[PDB]
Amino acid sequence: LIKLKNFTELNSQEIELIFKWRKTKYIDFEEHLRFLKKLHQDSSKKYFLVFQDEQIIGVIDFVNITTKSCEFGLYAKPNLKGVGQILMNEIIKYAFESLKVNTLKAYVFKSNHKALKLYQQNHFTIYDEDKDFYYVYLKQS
């Protein structure tokens, strides 16, 4: 039902679509392609387009991937609501089962209450804070 499409396999329609989330100019298109090219070359980052029954519902990402940890991010398709939990399920499953990391980490601006609540609901704990960010983690064991 829920499937992950690696950014390394995106087609031009998908690239067009997702980078507009908030007449494509050549410089924007070219900058998106250069990003996708870096993803082909960098095993420490992985971005996925997430599908639910052949409909796009958001993007998830894992960066600073090591054998023990990673950072993650998520972004709901902007016309959809209530898909954060699905994206979070996928993030945790993929990190624990596919990357096999013990620690999942993120940081978010303190004003991002939607994201914080979602992380807290999935048993994340705030372990640090600076002027801009809260830093959260979840450990498998």
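From 1 onward, residues are counted along the sequence shown.
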What number of deposited residues lacks coordinates in the span between residue 22 and residue 23: none, 1 to 3, 4 to 9, or 10 or more?
4 to 9
Do the CA atoms of 70 to 78 or those of 32 to 40 have the higher mean B-factor in the entry?
32 to 40
Which of 53 to 61 and 87 to 95 has higher mean CA B factor, as the PDB entry lists it
53 to 61
Sorting by Cα B-factor within the chain, modelled residues only, which third would residue 100 end up in: lowest, middle or highest?
middle
Where the record places residue 48 (Cα B-factor, split into thirds across the chain):
lowest
Hey, what third does residue 2 fall into on Cα B-factor, ranked over its chain?
highest
